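Colleague: I'd like to ask you about the structure that follows.
Since every read-out is calculated from the coordinates, none of them should be taken as a lab result. Positions of Cβ are generated from backbone atoms using ideal geometry, with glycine treated the same way; all protein chains shown enter the neighbour counts.
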Amino acid sequence: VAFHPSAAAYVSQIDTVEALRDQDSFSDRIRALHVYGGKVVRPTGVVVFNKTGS
Amino acid sequence: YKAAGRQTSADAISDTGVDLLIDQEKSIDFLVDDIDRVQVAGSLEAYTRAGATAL
């Protein structure tokens, strides 16, 4: 992909990690949440070679 | 006493009773989502005050 940095945007809104005890066993539980979003705000500012590549 | 000749005898005494049952068990239980607590326009403390007001 060829682009200018201004053509696409990203937001990290939440990023947290948490420690608990398991209810069903003698275990620690570690869990983490990430909430984010992003958009190509200017589509002509991004050029893609092999776009169907999977 | 005068109509009973002049006779008397002891009656047994007795009680009446009522039971105060401590039998009402009421609860409030709710989630404040960590994402919603970030994404809403202001405080969510009002749901704790509303829960206390409901009880």
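Colleague: Measuring from centroid to centroid over Cα atoms, what is the spacing of chain A and chain B in Å?
Modeller: With chain A and chain B each reduced to a Cα centre, they are spaced 51 Å.
Colleague: Same structure again: For peptide B:34-42, how many partner chain Cβ atoms fall within 10 Å of a residue's Cβ, on average? It would help to have the intermediate numbers written out before the result.
Modeller: Details: counts 5, 4, 0, 1, 4, 3, 0, 0, 0.
Counting Cβ atoms of other protein chains within 10 Å of each residue's Cβ and averaging gives 2.
Colleague: To the nearest 500 deg cm²/dmol, what mean residue ellipticity at 222 nm is calculated for chain B from DSSP H runs of n ≥ 4 alone, each contributing -39,500 (n - 2.57), summed and divided by the residues? Walk me through the intermediate numbers first.
Modeller: Details: 2 runs with 15 residues, N = 55.
The helix-only estimate for chain B comes to -7000 deg cm²/dmol at 222 nm.
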